[PDB]
Every structure is written in C-alpha cells, then in structure tokens.
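S.K.:
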Amino acid sequence: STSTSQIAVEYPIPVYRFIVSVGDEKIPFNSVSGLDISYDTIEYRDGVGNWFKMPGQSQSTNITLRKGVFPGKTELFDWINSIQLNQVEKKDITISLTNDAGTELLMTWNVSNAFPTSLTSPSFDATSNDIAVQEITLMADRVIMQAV
Amino acid sequence: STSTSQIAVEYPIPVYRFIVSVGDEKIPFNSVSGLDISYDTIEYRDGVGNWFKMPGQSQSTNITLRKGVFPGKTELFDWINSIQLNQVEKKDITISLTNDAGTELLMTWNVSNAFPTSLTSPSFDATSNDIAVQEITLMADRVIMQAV
Amino acid sequence: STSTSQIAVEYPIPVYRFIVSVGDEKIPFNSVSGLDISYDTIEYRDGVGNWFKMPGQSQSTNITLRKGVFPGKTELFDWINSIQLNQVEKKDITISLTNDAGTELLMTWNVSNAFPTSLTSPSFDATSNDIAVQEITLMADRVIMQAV
Amino acid sequence: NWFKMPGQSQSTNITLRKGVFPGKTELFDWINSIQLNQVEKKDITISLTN
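In order, the protein sequence lines correspond to chains c, b, a and h. Just so you know, the first sequence maps onto residues 2 to 149 in the authors' numbering. Just so you know, the second sequence maps onto residues 2 to 149 in the authors' numbering. Just so you know, the third sequence maps onto residues 2 to 149 in the authors' numbering. Just so you know, the fourth sequence maps onto residues 51 to 100 in the authors' numbering.
(1) Do the stretch 92-109 of chain b and the stretch 21-33 of chain b make contact, defined as three or more Cβ pairs closer than 8 Å?
(2) By alpha-carbon positions, which one of c/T118, c/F19, c/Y12 ends up nearest to c/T109?
(3) For the alpha helix (DSSP H) that c/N82 lies in, which residues bound it at each end?
(4) Does the distance from the CB of c/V33 to the CB of c/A133 come in under 8 Å?
(5) Ignore the nearest five residues each way along the sequence and tell me which others in c/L106's own chain have a CB closer than 8 Å to its CB.
(6) Kindly indicate which three-state DSSP category c/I8 falls into: helix, strand or coil?
(7) Answer with buried or exposed for residue 40 of chain h, where buried requires no fewer than 16 other C-beta atoms within 10 angstroms of its C-beta.
(8) If we count the other Cβ atoms within 10 Å of its Cβ and call it buried at 16 or more, is a/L36 buried or exposed?
(9) Where do the N-terminal and C-terminal ends of the beta strand (DSSP E) with c/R46 fall, by residue?
(10) Can you give, in chain order, each stretch of the beta strand (DSSP E) that sits fully within the stretch 54-117 of chain b and has at least 3 residues?
(11) Can you tell which of b/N87, b/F78, b/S59 has the C-alpha that lies nearest to the C-alpha of b/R67?
(12) From a/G73 to a/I84, what distance separates their C-alpha atoms?
(13) In its own chain, which residues sit with a C-beta less than 7 Å from the C-beta of c/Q58, not counting the 5 before and 5 after it?
(14) Span of the beta strand (DSSP E) holding b/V149?
(15) For c/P56, collect the residues of the same chain with a Cβ closer than 7 Å to its Cβ; drop the 5 residues on either side in sequence, then sort them by chain order.
(16) Quick check: what's the CA-CA separation for a/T3 versus b/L120?
(17) What does the Cβ neighbour count give for a/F125, buried or exposed, with the cut at 16 atoms within 10 Å?
(18) Of the residues a/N114, a/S61, a/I137, a/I64, which one's Cα is nearest the Cα of a/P123?
(19) Which word fits a/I64, buried or exposed, when buried means at least 16 other C-beta atoms lie within 10 angstroms of its C-beta?
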C-alpha cells in the first residue's frame, strides 16, 4: 500500500519525460545523449614503492540532441549555418526530467557555452516507415546536475 | 479530431517520398545518404585556466545516392566515365521531401559542385531475389537546407 | 494492366541471371563481386578561402568470382597455376545480365587485362551440407558498363 | 658582473608556398628577372582575416 506522495520521494525517475531548452527557446527533442563528466588521471610512481593517483585535466563535453524534421521549422539548422570563421553564438542548454504535463521539475542538468558542430541530415530511404530525424552535436563545458 | 490542414503544419515529415534532381535532369533514386554538415573544433588552453572552444575548418561533404539498374539507361555511369585528368562536369544536386504525387515540396536540401567518385556495380548473385542496384558517391561542398 | 513489352523497357533488371565469359571461354559462375570504379580525390585549399576538389588518380579494380567444384574441370586453377615470375596470360572478362535462357543481353560489363591472384580452395567440413565452392580473385583495370 | 645585451639583428627569411595554376607564372617571372644584383624588391603583407 504505497501512497502516491511516497512514490514522489522514494522511487526512481523515468527518462522519457524531459524538457530541453536551448538558450531562450525551448524546443521538443526526441533524445539527448552524451552529457557526461570525465577526468584524465595523473599517476606518479617513484622507486620506494608509493603510487600517487590524482584527478587531472578535465575533458571537453560533447552532447548529441536528436529531433524530427517539422515542415515550417529549421532553427537547429540556422544555428549551425551562422558559423562565420570562429564566431558563433554560444548558448546554454538545460535538460530537465519532469512529470506528466510538466509543471514540476525533478532533476536538472545545465550545459554552458554550447555551440553546434555536425548537423546530420535525414537519410532519405524509399523503403522505410520512419520520420525524418536530425542529430545536432554540441561541444560545451561544465555539465552540472541540479536537484529539482 | 485533427483536421487535415493541421497535420500539414504540425506533424513530422516522412522520409520515403523525395525528389532528387542532378543538374538539369531529375532521376528517381532509391535512397540518399550522407549529406551532413560538420566542423572541426579548435581548442586553446592557457595556464591561468580558461579554455577556449571554437568552430574550425569545415569538412568536405560526401553523399551516397543509390539507384536500381534499368535496361535502357546508364546516365550515372556516363557522368563518372567522363572524368579526364581533373576535368569533370560538376553539377548541383537537390533533394526535396514531397507529398504523395509531388506537386508541393515540404523541405529542400541543396548540394553545390558535386562530382562523382566510386560508382559501385551490382553484385551478381545466382541465389538472390534482388534488383541490380548501384551506388554512386559524390564529393561536394555546401549542403544548405531550405524551408519549403 | 502492364503489357509484357512494357516490362522490358520500364522495369529494373534482376541480378541472378548473368553470363560470365573469361577470355574465349564462357564458364558458369555462382556469383561475381567487386567490379566497381573508384577515384582518389585531390583537395587544394589556400588562404583566401576557396577550396578546390578534383577527381584524382584512379584505383585498381579487384574482382572476386565464385564457382562450385565440378569433377572433371579445373580451369580456374590452371589459369592461376601458369604464373611464372611476372608472366601470366591476362584475358578479358565480360559479365552480362540476360533473360531466361539467355539469347538477349540487357546490360554488359567489360573488364580488361584481368589476371588471377588468390585462388581459394573449399573448406572441407564433415558436418556441412554444402557444395565445394572456390573463389578466384582478379586484379584488372577499366571496368566499363555497356547498354545492351 | 655579467652584462647581457641585445645585439646585431638577423636577416629575415620567408617561405611562401603556392600551387601551380595553368595560366599563371608570376612567382617565376619575379625570380627570372634577376640580372646581376638588380631585382625589383617589393613589400609583402600577411593579414589574418575573417
């Protein structure tokens, strides 16, 4: 006999309900991938036997967002088309696990200074029953995870 | 109760209905692959701690078009046969997602200066129930995606 | 209501009916593989921004013909056995998609100066229900595709 | 006491690399015009752009 407010505190969070917000816009995405912290390890070892292991230089964060092609809207493409030589508008991406008809966040990830590389066009295919989907890849720094 | 003009605005576009047009000709293709933007990333990192990430040098676009073998027609082969030393006729390829019996485009991709490398002959096979298909591979620049 | 002479003009060609002819001989083969054109690409790129892509040096053609072992006949082996130091008899191979009981060719590929490397013996196997098959591999130049 | 000073400057040597184009040899015509010690010297500007 678990109460419905006990499940909100004790139970794990399902992945499939999430909100992605790219800058000021919020746009519906099919899937989000990557988005993990990582560290190189520095190892010193000298002759008397002691072995030092340290966290080292952080690694660059690479995120992949996947989204279907909608008939009026290309604002994933216009972001990657605006790249002149090294100047692009970087913007913050927030992923947020929500409840059904999300008025309440459960977890929140924050990405800083994300800019697009490698927008992937759909694979046109005459014998396929799929939607035209696009992956955009983002390079960024500082994934942080926020409670609620 | 979704109206049929609401589906034209809100719903994603299926991949299987598309028009490929190679230069002045338009020819029916079985599948189109590749056709994506990409960028190298330049990373500067100095001693005080700040880490600069930039979009860098663009990558060359490589497209693969697949097409069955028809009895009178070899005009994918005659394009790749006309390569003398470095001189080939480059032409523009446009992919375009359409409706049923296409009188109306929904999305459009444009490829500039595409020229053929690596025409692939069918694999003759006495125990196979397939059509003779051919892949041609194109190297090009500047994929752009146009709305409608 | 498609007429039977309309199918001869409009419909794609199935792969499984083909004639292979090695030199003056014609011999029945189980499958033919490889047999594709390819080109290296030369890329020039200078400082003002323009990027030249060219077709470059052609690649060598490598074909793989597969054939079952018949009790009286080894004339795939006698071709590869005749290799003295660099002297082998090169001969032209033609593949040709035909109709049923072939009196009429639909497509034709032509290979020039093909000579054998790497004849593959069957894998004898006491728990297998297969025919003894052999692959011969051919290195050649100039695949051309002829209409009819 | 040990004195260290900047001294005599060194001569500048630059290497420019360029592909061969079918109509144009004006890198060659510059170096072909060398008679005994007389050559036309000219100013080279490199400029990083957008």
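Beta carbons: idealized from backbone N, C-alpha and C, even for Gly.
M.R.: Let me lay it out:
(1) Output reads yes: the stretch 21-33 of chain b touches the stretch 92-109 of chain b.
(2) Along the first sequence, one-based indexing puts residue 109 of chain c at 108. Residue c/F19 is the option with its Cα nearest to c/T109.
(3) Counting from one through the first sequence, the residue named residue 82 of chain c turns up at place 81. 78-82 is the extent of the alpha helix (DSSP H) around c/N82.
(4) If you number the first sequence from 1, residue 33 of chain c lands on position 32. If you number the first sequence from 1, residue 133 of chain c lands on position 132. Their beta carbons are not under 8 Å apart, which means c/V33 does not touch c/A133 by this criterion.
(5) In the first sequence, counting from the first residue as 1, residue 106 of chain c sits at position 105. Within the same chain, c/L106 has close Cβ partners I20, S97, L98, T99, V149.
(6) Residue 8 of chain c sits at position 7 when you count from the first residue of the first sequence. Here c/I8 sits in helix by DSSP.
(7) Outside the shown range of chain h, which is 51 to 100, sits residue 40 of chain h, and nothing can be said about it.
(8) In the third sequence, counting from the first residue as 1, residue 36 of chain a sits at position 35. With 16 or more other Cβ atoms within 10 Å, it is buried.
(9) For the purposes of this step, residue 46 of chain c is taken as the residue at position 45 of the first sequence. Run containing c/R46: 40-46, per the beta strand (DSSP E) assignment.
(10) 62-69, 92-99
(11) Working through the second sequence from its first residue, we reach residue 67 of chain b at position 66. Ranking b/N87, b/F78, b/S59 by CA distance to the CA of b/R67 puts b/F78 first.
(12) Locating residue 73 of chain a in the third sequence gives position 72, where the first residue counts as 1. Locating residue 84 of chain a in the third sequence gives position 83, where the first residue counts as 1. About 22 Å.
(13) Your numbering for residue 58 of chain c matches position 57 in the first sequence. Hits under 7 Å: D41.
(14) The residue labelled residue 149 of chain b in the question sits at position 148 within the second sequence. Here b/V149 belongs to no beta strand (DSSP E), and DSSP marks it neither H nor E.
(15) Here residue 56 of chain c refers to the residue found at position 55 when the first sequence is read from its first residue. Closer than 7 Å at Cβ, skipping near neighbours: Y40, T42.
(16) Mapped onto the third sequence, residue 3 of chain a falls at position 2. Mapped onto the second sequence, residue 120 of chain b falls at position 119. Cα-Cα distance, rounded: 32 Å.
(17) Indexing the third sequence from 1 puts residue 125 of chain a at position 124. Of the residues assessed, a/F125 falls on the exposed side of the cut-off, its CB having fewer than 16 other CB atoms within 10 angstroms.
(18) By 1-based counting over the third sequence, the position of residue 123 of chain a is 122. It is a/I137 whose Cα lies nearest to the Cα of a/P123.
(19) Residue mapping note: residue 64 of chain a aligns to position 63 of the third sequence, counting from 1. The residue is buried, with at least 16 neighbouring Cβ atoms inside 10 Å.
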